[PDB]
Each structure stands twice: as structure tokens, then as C-alpha cells.
Amino acid sequence: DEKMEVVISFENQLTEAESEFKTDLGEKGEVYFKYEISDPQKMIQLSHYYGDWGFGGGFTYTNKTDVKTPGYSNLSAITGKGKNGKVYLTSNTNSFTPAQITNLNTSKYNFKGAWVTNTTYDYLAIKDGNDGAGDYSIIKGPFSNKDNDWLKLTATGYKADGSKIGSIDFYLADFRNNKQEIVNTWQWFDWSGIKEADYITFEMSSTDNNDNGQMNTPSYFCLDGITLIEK
Amino acid sequence: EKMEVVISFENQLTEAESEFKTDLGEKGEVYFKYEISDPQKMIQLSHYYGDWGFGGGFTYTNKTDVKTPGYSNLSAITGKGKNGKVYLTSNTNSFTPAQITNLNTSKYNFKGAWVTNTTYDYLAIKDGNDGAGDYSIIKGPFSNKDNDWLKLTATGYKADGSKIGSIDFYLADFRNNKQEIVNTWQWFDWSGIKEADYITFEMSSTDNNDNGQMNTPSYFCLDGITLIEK
Ligand code: CNC
Ligand code: CNC
């Protein structure tokens, strides 16, 4: 009668410290190769993209602990560790590499949610105005109350036929109303609003955009402890 | 029971010798991206535009030019549609992927569509005239000597992005002493990918550059896209 939770884990799936998942099994698109990671329990699929700069986007799993190095070469969470353990997910989500989670048994399980935090990459960009790009900077500067700055992660749920259920937002940073919030801990992102989703896509948006409306803030985030619930 | 729906852009253009154009796209790198809905809201078609006008995906046109070479002509080599005056022209590549989305996949499956060559491709294949001027990008006309061919591939996907399958149609074929260049409307059956939420298109040929990129124009024409009630 009481409905069981299943926590997705990549714990003990990396054989080396300070490492990430890599594959050469993708299919080549425009820029990147595309692959689908299945978790060890075959509960979910995660989109995975790679290319000329290493990890491209979608998701990879990592145990990296680097909380100091700016720029895209660092895939670490600002926490320096997972919520449940050593191994967590890093994502880059955009029109080239859309980050997608697919439920492999949607008739049996619903989505509950996941723990979320910032990448070190995003944290240092927002806090210090240091995106690591060097002499050239792509970002406008650090986030401020002056500009009412914010960074939003949006999860959109879909049915198996492609019908949109809904969107739900999580603020990774927020300088509205004299707050100075930059997420640097694991925080629960509840997905009960899209629990019936066959798949979930991720989009990011901020107050730091170019003249073509494209976000300058890195479109990266971290997840851990993705939780499903028996229906 | 088993009733078909034919998608039509007939009488959606108010001028002769015209094409669909919009400024409602979202800017990418090279091209703006837009989604055309048909008048019945049965399908979406990807549509791209940029500095040379029509970029790729699809547009609808009633143009009848069967003589002018090069990319400025979007006409079918037929000079008309299968069902009427208005048909689809496509350019499909990694910049502008041509996609048809089924807007009610729980109710309808895909059946197929009529296909032909663009004037652009026909004159390139038949005459070795791509219209690029003093510069020619193509190798020459298609020949039996080189066993030449041009293939259009339709790939079917579920809404989650899982590949169902691929189906090929040969727009030209010089293998094994054939001398086929498609210059009429021909049925391209999609029963192999009928359950697709969306279909993408890719083209390939025997005329490639040193980087393996197709020189033959990656253009084609469609008409009478057909869905069937499940
Ligand atoms: C188009 C694009 C863009 N990209 Co790239 C993405 N997605 N990118 C690309 C592509 C460029 C080529 C193509 N096929 O068009 C593509 C997919 C290959 C690419 C690659 C990368 N990109 C990457 C990232 C993270 C970023 N990219 C953006 C610049 C991000 C852009 C968004 C933005 N807000 O700026 C972006 C959408 C638009 C750039 C543009 O055309 N500007 C206008 C143009 C006129 O100016 P430009 O100065 O001549 O543009 C050049 C640079 O932008 C350069 N470039 C592109 N991305 C980067 C990233 C870095 C760190 C550097 C140093 C240069 C680049 O390529 C452009 C042409 O040469 C970015 C702001 C997007 C975001 N996440 O918000 C971001 C950097 C964040 C930051 N503040 O540090 C990659 C690390 C992604 C990956 N593979 O993991 C990687 C690194 C490339 C590198 N050179 O070191
Ligand atoms: C990259 C590329 C290519 N393109 Co353009 C595409 N998609 N293209 C582009 C981009 C160029 C970006 C840039 N750097 O300036 C991009 C997206 C802007 C572009 C644009 C177009 N392209 C177009 C087409 C149809 C073509 N392109 C190809 C040349 C097609 C290429 C495929 C191929 N098989 O050649 C291609 C994939 C590779 C070119 C390359 O890097 N290598 C060649 C390099 C070493 O030599 P290059 O001589 O210096 O290359 C230049 C030309 O290729 C030029 N260029 C690119 N496209 C064309 C088209 C024409 C008609 C002319 C005269 C020049 C060009 O840009 C390059 C750099 O300056 C093409 C063979 C692809 C195909 N199979 O359909 C085809 C021409 C077919 C033919 N035999 O006539 C457009 C009409 C598409 C549209 N928008 O509807 C348009 C026209 C541009 C124009 N100048 O008049």
C-alpha cells in the first residue's frame, strides 16, 4: 500500500579519483556526438554530448572536488562532493546539447525530484565575475542588487506522445529585493508538478544576455539523488 | 474508420511565383529558426532563414521555374505541385535540419508524401550546372562511369528522441547501367516509421569534397504529406 522511493545512484561507477564518465559510442550531430547514459538500475536515461572541448553537454557523472578553478575545464560542483556520496551529475543544457532525463518505466514509476547545486564554473562567474575565459570576459560582471540579477533552472515535463505537462523553476542565484543568494549547498528541487513526465528537459535563463538574447552566464548545473516513486 | 488526412498549403500564397517568408524566427548562429504549422494544425515544419533568404528546413512555394540554375530558384523540376500549385521545398543539413512534427501522434500515424527534385538539383545532376558561375562546386554531371546516386533518408523518432528507423528514396541513380534522375512526383512511403512523433531528413551522394561533405545541393521537394487515423 505504502509507495516505495527509488534513488538513482552512480556511486562506485568511476574507477579513478577526480574523474568523469567518458565514451566514444556517440552518433555525430552538427557539433557534438550524442549518447544516452542508462543508470546502473536501468530506471532512467540521461542525454550525453561530447566534442572538441571534451564534455559538450547533456549530463555526465563525476567525483571531482575542485571548488577553486574557474572556467569550463572544471566540471566540479561548488559543494566539492555529492549529496549522497562521491559521485554526482554535471550538466550543460542549451540548444546544441539539450539535457534530457527519460523515465524507462513510466507506467510503474513517477518522478519525485532531485538535489541541485551550482557548478564551480557558475559559482565563480556569479560571485567573482570570473568565468575563466581569460583576457576576454563573456559575462557582464558579478551579479548585483543594482541589476536585480538572477539565474533560473527550468524543468519541463512531457508525456510519451510529446504533450507538454508543465514547467517548474529553481533559482540558482537571486539578487532581487536586496537578497544576495548564490546556491552553494545541495538543495531539494521538487518535481511533483511534473511527476507523470515520460521525459524532462532542462533550460537555463538569467539577467546577463547578449544582444541576440543568448545567456552569457554558463548554462551549467549539478544534480544528485534523482528520486522516483512507485505509482 | 481508417481515414487519411492530406496536408495542404493550397491557396496559402496571395501572389504567383512566391514563397512563404517570416520575420518571426529566433536567432541561432547563422540562421533564424521558426516552426510552420499547416492550416489544419496537424503538422509542424522546421523553417530557417538568413543572409541568402531561405536557409533550410521547409518553405511552401508555387514557383514554376524549370530553367534557372542555382540556389536563388526554389522551384520543383515539375514546375507545379502534385495536388495543385503549392508544394514544399526543403534544404536539409546540419545547420538547418528539415523536421516534420506530428502534432497529434496519439490520434494519427504517418503514411507518406510525394517527392521530387528541385530545379537546382536537377540541372546540377543532368547538366553539371549548379549556377555557382565561374566557380563550380560539383564534380560534373552524374554518370554510369562513377556509379553516381543521390539519396534522401527519412529518420523516424519517438517524442523522447529514440530512433525508430530510417527509409531511403533515390532522387538519382546511375548504378548498374540505370540513368534515373527524378523529374516527376513519386510516392515516398513512410509505413516503416508510421509511429514517429517526428521525422528528420538527411541527404547523401557520390559527389563529396575532400572532407566528405556533399557537393550535390542538399535540397528536395515534397507534396501531399499524408497522415492516417490509428
Ligand atoms: C555558437 C556558440 C556559442 N557559445 Co559556446 C556554447 N554553447 N559554442 C558555440 C559554438 C561555436 C561555433 C558554431 N558552430 O557556431 C560551439 C557549439 C562550437 C561552442 C562551443 C563552446 N561553447 C562553450 C561554452 C561553455 C559557452 N559558449 C557560449 C560562449 C556560447 C554563445 C552564447 C553567448 N552568450 O555568447 C554562443 C551560443 C554564441 C556565440 C556567438 O556566435 N557570438 C557572436 C559572435 C559574433 O562573437 P564571437 O566573439 O566571434 O563568437 C565566438 C565565441 O563565442 C566562440 N566560442 C563559443 N563558445 C565559446 C566558449 C568559450 C569558453 C570561448 C573562449 C569561446 C567560445 O565561438 C564564436 C565564433 O568563433 C556560452 C556563453 C554559452 C552559455 N553557456 O551561456 C559559454 C561560455 C560561458 C562563459 N561565460 O564562460 C563550450 C565550453 C561548450 C562545451 N563544448 O562544453 C565550448 C567551448 C569552445 C571553446 N572555444 O573553448
Ligand atoms: C560551411 C558552409 C558550407 N556550405 Co553553404 C551551406 N549549407 N554555407 C556554409 C556556411 C559558410 C560559413 C562561412 N565560413 O562563410 C554558411 C552556412 C554561411 C553557408 C551558406 C550557404 N550555403 C548554401 C548552399 C546551398 C551550399 N553550401 C555548400 C557550399 C556548403 C559546404 C559543403 C561543400 N560540400 O562544400 C559547407 C558545409 C562547407 C564549406 C567549407 O568550409 N569548405 C570549403 C572550403 C575549404 O573552401 P572555400 O571555397 O573557402 O569555402 C567557402 C564556400 O564553401 C562558401 N560558401 C558556402 N556555401 C556556399 C554556397 C555558394 C552558392 C557559394 C558561391 C559559396 C558558399 O563559404 C566558405 C567560406 O567562405 C553546399 C555544397 C552544401 C550542399 N550540399 O547543399 C551548397 C552549394 C550547392 C551547389 N553545388 O551549388 C546556401 C545557399 C544555403 C542557404 N542559406 O540556403 C548559402 C549560400 C552562401 C553564399 N555565399 O551564397
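Reading the values: the criteria
- Summary of conventions: residues on each chain are numbered from 1 in written sequence order, possibly unlike the entry numbering, and any residue without coordinates is omitted from what is shown.
- All chains are assigned letters beginning at A, and all ligands numbers beginning at 1, according to the order in which they are written.
- The basis for the side-chain values is all heavy atoms of the structure; hydrogens and waters are excluded.
- Helix and strand definitions follow DSSP, with helices as H or I runs of at least four residues and strands as E runs of at least two, each counted in order from the N terminus.
- What the globule rule says is 2.2 Å times the number of residues to the power 0.38, and the radius of gyration is computed from C-alpha atoms.
- In what follows, residue pairs with any heavy atoms lying within 4.5 Å of each other are defined as contacts.
- In these tables, accessible area is a Shrake-Rupley quantity obtained with a 1.4 Å probe, and a residue counts as shielded only by the protein chains included in the view.
- Within this scheme the basic residues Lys and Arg register as positive and the acidic residues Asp and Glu register as negative, but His and the chain ends are omitted.
- A charged residue contributes its charge at one atom only: NZ of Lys, CZ of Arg, CG of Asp or CD of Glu.
- Simply put, the buried area is the total loss of 1.4 Å probe accessible area from both parts when two parts are fitted together.
- Just to be clear on terms, a salt bridge is a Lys or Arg side-chain nitrogen sitting within 4 Å of an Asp or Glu carboxyl oxygen.
- Contacts described as polar in this section are N or O atom pairs within 3.5 Å, which, within protein, must combine one atom able to donate a hydrogen with one able to accept it, while residues neighboring in sequence count only if both atoms come from side chains.
- Under the convention adopted here, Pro, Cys and the residues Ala, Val, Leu, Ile, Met, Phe, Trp and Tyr are nonpolar, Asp, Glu, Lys and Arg are charged, and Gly plus all remaining residues are polar.
- The nearness test applies per residue and asks whether one of its heavy atoms lies within 4 Å of the molecule or strand.
- In this scheme, a residue with accessible area under 20% of its type's maximum is buried, one over 50% is exposed, and one in between is partly exposed, where area comes from a 1.4 Å probe on protein chains only.
- Strand pairing is defined by DSSP finding a minimum of two bridges between the two strands.
- Patches draw on residues past 30% relative accessible area with no salt bridge. Two like charges within 9 Å are joined, as are two nonpolar side chains (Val, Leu, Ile, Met, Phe, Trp, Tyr) within 5 Å.
- In this analysis a 1.4 Å probe is tested at points of a 1 Å grid over the protein atoms alone, and where it fits but cannot get out there is a cavity; an open set with protein on both sides within 12 Å along at least five of seven lines is a pocket; lining residues have an atom within 4 Å of a point.
- Grid points are joined across faces, edges and corners, and a volume is the space filled by probe spheres set on the points.
- UniProt positions are given in the numbering used here, feature names are shortened, and annotations may be inferred rather than shown by experiment.

A. Representation of the overall build of chain B within the structure. Each helix and strand counted, chain B has one helix and 14 strands in total. What you see for chain B is a C-alpha radius of gyration of 17 Å, in line with the 17 Å of a compact globule of 230 residues. A sequence separation of at least 24 residues applies to 71% of the contacts in chain B between residues at least 6 apart. Summed over its atoms, the accessible surface of chain B is roughly 11100 Å², and 44% of this surface lies on carbon and sulfur atoms. Averaging the locations of the 22 positively and 31 negatively charged side chains of chain B gives two centres separated by 5 Å.

B. Examining the interface of chain B and chain A more closely. On the chain A side, the residues contacting the 10 residues of chain B number 11 residues. A combined buried area of about 870 Å² lies between chain B and chain A, and 44% of that area is made up of carbon and sulfur atoms. On the surface where chain B and chain A come into contact, there are zero salt bridges. The interface formed by chain B and chain A contains two residue pairs in polar contact. In terms of residue class, the side of chain B that touches chain A is made up of two nonpolar, four polar and four charged.

C. Spotlight on the site of ligand 1. Among the 22 residues in the neighbourhood of ligand 1, the closest are listed as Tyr 32, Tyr 121, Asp 131, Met 215 and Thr 217 of chain A. Residues lining ligand 1 come from chains A and B. At 3.3 Å from an oxygen atom of ligand 1 is found a main-chain nitrogen or oxygen belonging to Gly 56 of chain A. Per-class residue counts for the shell around ligand 1 are 13 nonpolar, seven polar and two charged.

D. Just the site of ligand 2, in detail. Residues and elements named next belong to chain B. In the region of ligand 2, 21 residues are neighbours, and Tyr 31, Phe 54, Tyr 120, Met 214 and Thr 216 sit closest. In this structure, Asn 209 approaches ligand 2 through a side-chain N or O atom, which is 3.5 Å from a nitrogen atom. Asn 215 places a main-chain nitrogen or oxygen 3.1 Å from a nitrogen atom of ligand 2. Considering only residue class, the shell around ligand 2 consists of 13 nonpolar, seven polar and one charged.

E. Spotlight on the pairing of strand β13 (residues 199-206) of chain A. Residue and element names in this part refer to chain A. Burial of β13 is extensive: six of the eight residues sit out of reach of the surface. As paired strands, strand β7 (residues 100-103) and β13 are joined by three bridges and run antiparallel to one another. Each bridged residue has a counterpart across the sheet, and for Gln 100 the counterpart in β13 is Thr 201. Relative to β13, strand β9 (residues 150-158) runs antiparallel, the two sharing eight bridges. When the bridges of β13 are listed, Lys 152 appears paired with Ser 205.

F. Representation of helix α1 (residues 119-127) of chain B within the structure. All names here are of chain B. Counted residue by residue, α1 has seven buried out of nine residues, so it is predominantly covered. Here α1 has its buried residues at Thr 119, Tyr 120, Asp 121, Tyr 122, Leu 123, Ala 124 and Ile 125. Buried residues along α1 sit against β9 (149-157), β10 (163-173), β11 (180-181) and β14 (219-229). With its phi angle positive at about 65 degrees, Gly 128 sits one or two positions after the end of α1.

G. Seen up close, a nonpolar patch on the surface. On the surface, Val 30, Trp 52, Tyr 71 and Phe 95 of chain B cluster together into a nonpolar patch covering about 440 Å² of accessible area. Relative to the assigned elements, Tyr 71 of chain B resides in the loop between β5 (53-61) and β6 (87-91).

H. The arrangement of the pattern of salt bridges in detail. What the rule picks out here adds up to 12 salt bridges over all chains. When salt bridges that share partners are traced, they join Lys 140, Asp 147 and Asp 149 of chain A into one network.

I. Looking closely at the side chain of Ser 18 of chain B. Residues and elements named next belong to chain B. One can find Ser 18 in the loop between β1 (4-6) and β2 (26-27). Within the local environment of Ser 18, its side chain forms a polar contact with the backbone oxygen of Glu 15, the two atoms lying 2.8 Å apart. Apart from residues lying up to four places away in sequence, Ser 18 is in contact with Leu 13, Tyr 60, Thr 61, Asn 62 and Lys 63.

J. Structural detail: empty space enclosed by the protein. All names here are of chain A. Summed over all chains, the structure comprises one cavity of 30 Å³ or more. There is about 50 Å³ of room inside the largest cavity. Around the largest cavity sit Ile 8, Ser 9, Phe 10, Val 87, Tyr 88, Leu 89, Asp 224, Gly 225 and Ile 226, which together line it. Mapped by element, the contributors of at least two residues to the lining of the largest cavity are β6 (88-92) and β14 (220-230). Classifying every residue of the lining of the largest cavity by side-chain character gives six nonpolar, two polar and one charged.

K. Quick peek at the UniProt feature "binding site: cyanocob(III)alamin 1" (unreviewed entry) in chain B. Residues and elements named next belong to chain B. If you check UniProt for "binding site: cyanocob(III)alamin 1" (unreviewed entry), the listed places come out as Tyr 31, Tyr 71, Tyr 120, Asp 130, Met 214, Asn 215 and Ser 218 in our numbering. These annotated residues cover 188 residues of sequence, and their C-alpha atoms reach 22.5 Å apart at the extreme, placing them across more than a single site. Tracing the backbone shows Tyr 31 in the loop between β2 and β3 (32-37). If we ignore the near neighbours within four places in the chain, the residues touching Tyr 31 are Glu 26, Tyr 48, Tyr 49, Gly 50, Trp 52, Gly 55, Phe 95 and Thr 96. Residue position: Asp 130 is located in the loop between α1 and β9. When its relative accessible area of 7% is taken as the criterion, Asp 130 is described as buried. For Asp 130, the contacting residues outside a window of four places in its chain are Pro 69, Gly 70, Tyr 120, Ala 124, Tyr 135, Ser 136, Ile 137 and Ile 138. Here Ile 137 takes part through its backbone nitrogen, which lies 3.2 Å from a polar atom of the side chain of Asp 130.

L. Main features of the UniProt feature "binding site: cyanocob(III)alamin 2" (unreviewed entry) in chain B. Residues and elements named next belong to chain B. Per the UniProt record, "binding site: cyanocob(III)alamin 2" (unreviewed entry) is annotated on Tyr 31, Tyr 120, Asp 130, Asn 209, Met 214, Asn 215, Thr 216 and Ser 218. Positionally, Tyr 120 belongs in helix α1. For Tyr 120, a relative accessible area of 13% translates into the label buried. Residues contacting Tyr 120, with those up to four places away along its chain left out, are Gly 70, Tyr 71, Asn 73, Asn 129, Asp 130, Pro 217 and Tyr 219. Tracing the sequence through the fold places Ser 218 in the loop between β13 (198-205) and β14. The exposure class of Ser 218 is buried, given its relative accessible area of 16%. Among all residues touching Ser 218, those that are not within four sequence positions of it are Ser 90, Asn 91, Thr 92, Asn 93 and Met 203. At 2.7 Å, the side chain of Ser 218 forms a polar contact with the side chain of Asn 91.

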